[PDB]
RNA sequence: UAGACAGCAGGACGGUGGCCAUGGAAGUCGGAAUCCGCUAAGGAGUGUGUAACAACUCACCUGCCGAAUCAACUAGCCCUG
Ligand SMILES: [Mg+2]
Ligand SMILES: [Mg+2]
Ligand SMILES: [Zn+2]
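Chains as they are written, first to last, in the deposited numbering: chain S, 2 to 176; chain t, 1 to 163; chain m, 77 to 128; chain I, 2 to 103, 113 to 214; chain s, 5 to 202; chain H, 1 to 190.
The following block contains the structure:
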């Protein structure tokens, strides 16, 4: 799987009946992916590991997008993970800040490529939780739990360099 | 004894310490105490009757566990026989000096403690029974002019009465 | 031959040290890792041998 | 006479074991596959720590013996002469051929110099059985052993009880209920299907 | 470790301070525990004697249950090296006791010179090894048939100095140390009434 | 990670006055003046109080290493204040077995001549760094003194001597001859 | 925050050579071993030289600064090889 900017989809599914069993159980999952053609496919990936079904022996009843409930309120997210490196297979827990659940997850897949260099086909996502200001075990996020917070914008580089390319004024990097 | 309460062969020789005084914890609550049928009042009454002069002197302890009346002869106080001929009596309530008379004046107790040992801790004609009864000159003493650590290379008596 | 306190002061700078087994170096006596890049901060040390 | 082991590390050729078709091979350098107080009942030595493999390769009889000895020495010096029981869970059944060029490349089919053992991933090579206060010494022992093998191995504790196949949390209850019997260095499970005379003998 | 040792002290020292009213605290100067060790032969558990740690900074938990006054009035008095010596007994008697209940008092150097120094008109010890120790200071060293007998009566040391290596090795090695004191009386716990030891 | 702020502070006594042209510190006091530049660290220095009582140094958005510099600036300043207010004095002693050493001072306090080390005929000359003044001592025979206001030049100066006076091609565990530092200290005990 | 963790400052006794080994092992290539207490705690004791020492020293508490720290694993870029 590749990635763009991700989205959350609610997919719920069922096996196929037969003269033995008439109404089998339903099964729900919560999935993050670009669009609905891939999410259906990731669904059969997981549900096959857990239970004993396949695509020919089942049907997709509903697949739909779930929208954020409060997208203008800053939130703290906590993420539980399974990936596999070049040697073994590992678990972990990570924390982030964002407005939307989608954006936090997206923010992970980048981060893992950078620290640990894992491609998306090597990652499984179990659970995501809106965490309080407490219960945050990681300091990078606790820096920002301050009612009276401030800081400056120190050394600020010139963007827009090739607007004038040959000048006379040497720049200024103090504001 | 294994299958049920069958007292056939239980006479045993165990080891305790903290000194043979009446104490606040009494020094008579070991782990081997509650195996041996000893209530707390009598097991001290025998110990204080047994600890009469010869010897009231604090030794570590020893106890040949019998049923009721348990004798405890003087153990192998060998660092403490440096001092256990202290001018008696000194039991309790009059002990302002820890062990500080400095009046052992080694003249006879060296060889008398040497023979008093029951051929214990030695493969020698009492040479080790001198050595390990001299291993503890920390707070010891000697003749009024003699000091430890600069007399320990001389012997001036006869080894005929050793065992 | 020499006053003991001065003698101690000399031995400070010429006898009380640790030695990497690889790079054959000198280190302060309270060390656990070498200082050189030739060995890789190697964590394998001994003390210096005092005269008999 | 012996070569390095980079020449024979990978599982290239098919198995060619010792049988009526292959004759003329020596024996192996290892002959003993377990040590320690190998008689202890199931209750004395409940803890098990394993060595596990992570490659598909070949291991030699020499390697196994060297590893066997290094572990025994330290384990003695740490705990005791009878504080443990150790077992090796591999056997050298596959054979190695050598073509000696003292013709050239004509008539090439070797001579059976050697024996070696094959490994799959997840298999077990070594295992130790002892008590719980001696956990870290067990780990230290095996760690000294990995430096005798060509590969990447790793160590883990088992949830089981000893060299059995039952979970520790269940075992202890399950022996006080007459499903498991301690018949030696192992156990013996028994179900509710046989003839009752064995239920009469028990429960009495 | 520190598991069962302090699991006692979750409530043990709390219990000591609640149920049994009056006490003393003994300050420990730069001292070896010989005094705290062989104080056994000064007294017994008439009440108890036990120096511990600085748990006497943990007093909000102690006044939590409203046990006894005069408890919280010690936090400045404990910045390091102090203990606690418990007696529910006659006041002025134990005052006089721990004024000078400090016998062993061994330390090579570091302490004070409390009183005036006098003529050493005694035989502390003779050494034929070397006489430079006396020749350096330059006092009468009349030799009368090997031995050395001094008769000069003059003043050498006076109160308010700082001890040096010379007299430090002197007072260790020659079996004389009028130099160290062990553990002194300084406070009063009258169950709530705070006054001085006059 | 990165962190938003780290800061640390230094006080000043009344006797002393300091000033700053950005990252260029000016100290003055009884024993003169000192001048030192910190234009290679990227910090913000500020000075606040009645007649500039107290100094703080702070940094924004730095790594593990870049935070490590903040206390190091402060440590230098404490040293400069102490030097201009008190001044540094290091004492050095000589050691020998058979052949003693003869040290003399040619200029007022600049040039040193070491002579007869291990019975050689060669002569060793040393030049003090500027500002430092050396002079033989009293009440102990074999002893030097180095006074200065800048610890750097002193310590640099004393160590030139210690390395110039050293032995080669032998076992040094026995041959222990040289000039070795005795103790650091101050011109004034206050 | 009951003040640990780094550093400065009082140490490592008795039944006890436990006990093999004595050619040497009162800790002393070192091996089955490894109870008891004195305190507030000294381990049937950690390398050192060793007829053997006494002891040097490698857990244990009396104070200074002082706290959010400590240990063992594991994997990514860089480094030695
Ligand atoms: Mg082939
Ligand atoms: Mg040998
Ligand atoms: Zn190195």
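Note that the Cβ used here is the ideal one computed from N, Cα and C, for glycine as well.
- Selection I:196, I:183, I:20 evaluated against residue 96 of chain I yields I:20 as nearest (Cα-Cα).
- Contact annotation: the stretch 152 to 167 of chain I touches the stretch 50 to 64 of chain I, with at least three C-beta pairs closer than 8 angstroms.
- In the displayed model, residue 101 of chain S falls within coil according to three-state DSSP, outside both helix and strand.
- Closer than 9 angstroms at the C-beta level to chain S, one finds these residues of the stretch 1 to 17 of chain H: 1, 2, 3, 4, 5.
- Proximity of the beta carbon of residue 14 of chain I to ligand 1 is indicated: a heavy atom of the ligand is located closer than 8 angstroms.
- When DSSP states are grouped into helix, strand and coil, residue 55 of chain s belongs to the coil group.
- The contact set of residue 174 of chain H on chain m, defined by CB atoms closer than 7 angstroms, consists of 127 in chain order.
- Residue 62 of chain S is positioned such that its CB atom lies closer than 9 angstroms to that of residue 14 of chain S.
- In this chain, the alpha helix (DSSP H) harbouring residue 40 of chain s covers 38 to 42.
- Using a C-beta cut-off of 8 angstroms, the stretch 84 to 102 of chain s makes contact with the stretch 22 to 40 of chain s, since at least three inter-stretch Cβ pairs fall below that distance.
- Shortest Cα-Cα distance from residue 73 of chain t to any of t:83, t:97, t:46 involves t:46.
- Residue 157 of chain H is outside the set of residues whose beta carbon lies under 9 angstroms from a beta carbon in chain m.
- The beta-carbon separation of residue 149 of chain H and residue 36 of chain H, rounded to 12 angstroms, does not stay under the 8 angstroms limit for a contact.
- Taking a beta-carbon distance threshold of 9 angstroms, residue 182 of chain H counts as an interface residue toward chain m.
- At least one heavy atom of ligand 3 falls within 8 angstroms of the beta-carbon of residue 112 of chain m.
- Within chain H, the residues whose beta carbon sits less than 9 angstroms from that of residue 152 of chain S are 4, 5, 60, 61, listed in sequence order.
- Of all residues in the stretch 45 to 71 of chain s, the ones placed with a Cβ closer than 9 angstroms to any Cβ belonging to chain t are 45, 46, 48, 49, in chain order.
- Listed by position along chain s, the residues whose Cβ is nearer than 8 angstroms to that of residue 95 of chain t are 45.
- In this structure, I:158 is the residue among I:158, I:35, I:27 with its C-alpha nearest to the C-alpha of residue 63 of chain I.
- Look at residue 98 of chain m: its beta carbon is less than 8 angstroms from one of the heavy atoms in ligand 3.
- By the neighbour-count criterion, in which 16 or more other beta carbons inside 10 Å mark a residue as buried, residue 177 of chain s falls on the exposed side.
- Of the residues assessed, residue 159 of chain s falls on the exposed side of the cut-off, its CB having fewer than 16 other CB atoms within 10 angstroms.
- Just measuring C-alpha positions, the residue of s:18, s:150, s:154, s:130 sitting nearest residue 68 of chain s is s:18.
- DSSP lists S:14 as the bridge partner or partners of residue 28 of chain S.
- Annotated three-state conformation of residue 91 of chain S is strand, per DSSP.
- Contacts with chain m at 9 angstroms (Cβ-Cβ) do not include residue 68 of chain H.
- Excluding the 5 residues flanking it on each side, residue 155 of chain I has same chain C-beta neighbours closer than 6 angstroms at 68, 71, 72, in chain order.
- Take residue 39 of chain s, set aside five residues on each side of it, and the residues of its chain with a beta-carbon closer than 8 angstroms to its own are 106, 107, 108, 109, 186, 187, in chain order.
- Counted as a single uninterrupted DSSP element, the stretch harbouring residue 91 of chain t is not any beta strand (DSSP E), since DSSP gives it neither H nor E.
- The Cβ-Cβ distance between residue 101 of chain H and residue 94 of chain H falls below 9 angstroms.
- Taking a cut-off of 8 angstroms for Cβ pairs, the stretch 82 to 98 of chain I and the stretch 6 to 19 of chain I touch, as three or more such pairs fall below it.
- For the pair of segments examined, the stretch 38 to 56 of chain t was found to touch the stretch 89 to 101 of chain t: the number of CB pairs separated by less than 8 angstroms reaches three.
- Taking 9 angstroms as the cut-off, the beta carbon of residue 53 of chain s is found no closer than this to the beta carbon of residue 14 of chain s.
- Comparing alpha-carbon positions, the option among I:199, I:122, I:41 lying closest to residue 22 of chain I turns out to be I:122.
- In this structure, the straight-line span from the alpha carbon of residue 137 of chain I to that of residue 128 of chain S is close to 37 angstroms.
- Assigned with DSSP and collapsed to three states, residue 151 of chain S falls in coil, not helix or strand.
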